[PDB]
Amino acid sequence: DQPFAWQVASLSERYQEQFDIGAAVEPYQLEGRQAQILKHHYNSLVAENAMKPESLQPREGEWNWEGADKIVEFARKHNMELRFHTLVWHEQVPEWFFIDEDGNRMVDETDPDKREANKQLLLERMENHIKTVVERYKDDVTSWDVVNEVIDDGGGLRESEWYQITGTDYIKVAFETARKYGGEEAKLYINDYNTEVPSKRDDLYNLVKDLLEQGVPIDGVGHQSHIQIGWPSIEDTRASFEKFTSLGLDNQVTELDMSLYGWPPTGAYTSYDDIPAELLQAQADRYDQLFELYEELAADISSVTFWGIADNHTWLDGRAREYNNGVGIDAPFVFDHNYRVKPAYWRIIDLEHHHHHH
């Protein structure tokens, strides 16, 4: 049987002078074996859920800091950089933001003058959310996901409530507000998934380039990297990183996981013991090529964060159940559900450098 994660060489050490290695965490994972693995292998953290808008301010003026603070305290004690997920997002956002002072839904307003009043009220609420969070955590966060998933998969901007009420101004104001209270030293990111898809990559590039030309402070791009064993291509990943580097932007890989399945994750395995060894080998081959690319582009990438620690906790389990009538698991990491190393661990810890020509 493979050794446990706490018995093998550190991932973060292996990528010194290349990029930090991070994990998404819940506060209840900051003890026992999961905390031991974090300290041994990772030098950067992000809150999986405790810092989302609905977690921090579920009602106006009701602040829920405890879980977020525990993650900050862990990052302080163990010398881990900390990313912030996330200041502004169309998911996991409390409904009160988009309700006017009469209890009406701003998105349904038809009077042009009340629409403008709603836009200013919503922006003030967004500004106050950002101000309060950034003032609390400024000296503990080194990468802010200021806005998340603002590009539509079908082209153009996502027509969320934020966009419906404020246009693109919520994006401009969010970055300006984060800069104002974070100071010039704060590093401000726009985060998204499928950034490797050329059409979406290009929409994100055009948005950021236009905003930079207006003086909006944007320092980098977060690539969620919710990927598969056979998709997206290394070539498309490379092109995406380089396109944002061409604007003077940092790149971070922010939510890396490699599903066993395609999309949708139909036909998922219902137990880890049913996963064929050849599939874990294919995952290992792909992770090898992926981290070889990251090494190639290490000047362009400051950190690579996995959206979890080991296979026993991943949002991909819930996704598998969604498309398989409530049953199914996924195994996206280099540490398996019992914290034992997987073939992918060996393939991204090693110093292999013989290339894979065909």
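Numbering starts at 1 and runs along the sequence shown.
Participant: Taking the mean of the C-alpha B-factors per stretch from the entry, tell me the winner out of 284 to 292 and 102 to 110.
Facilitator: The recorded data point to 102 to 110.
Participant: Mean CA temperature factor from the deposited coordinates, higher in 160 to 168 or in 78 to 86?
Facilitator: Per the deposited B-factors, the answer is 160 to 168.
Participant: Specify which of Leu279, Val133, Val147, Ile71 carries the largest Cα B factor in the deposited PDB entry.
Facilitator: Out of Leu279, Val133, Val147, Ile71, the record gives the largest C-alpha B-factor to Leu279.
Participant: Based on the PDB record, which member of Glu124, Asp140, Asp250, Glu184 exhibits the highest Cα temperature factor?
Facilitator: Reading the PDB entry, the winner on C-alpha B-factor is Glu184.
Participant: Please rank the C-alpha B-factors of the chain's modelled residues and tell me whether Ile275 sits in the lowest, middle or highest third.
Facilitator: According to the entry, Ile275 has a C-alpha B-factor in the chain's highest third.
Participant: Rank-wise, by C-alpha B-factor, drop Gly222 into the lowest, middle or highest third of its chain.
Facilitator: It falls in the bottom third of the chain.
Participant: For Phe97, does the deposited CA B-factor place it in the lowest, middle or highest third of the chain?
Facilitator: It belongs to the middle third of the chain when residues are ordered by C-alpha B-factor.
Participant: Taking the values exactly as deposited, rank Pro53 by C-alpha B-factor within its chain and report the matching third: lowest, middle or highest.
Facilitator: Tercile = middle for this residue's CA B-factor.
Participant: State the tercile, meaning the lowest, middle or highest third, of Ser302 with respect to the CA B-factors recorded for its chain.
Facilitator: Lowest third of the chain for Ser302's C-alpha B-factor.
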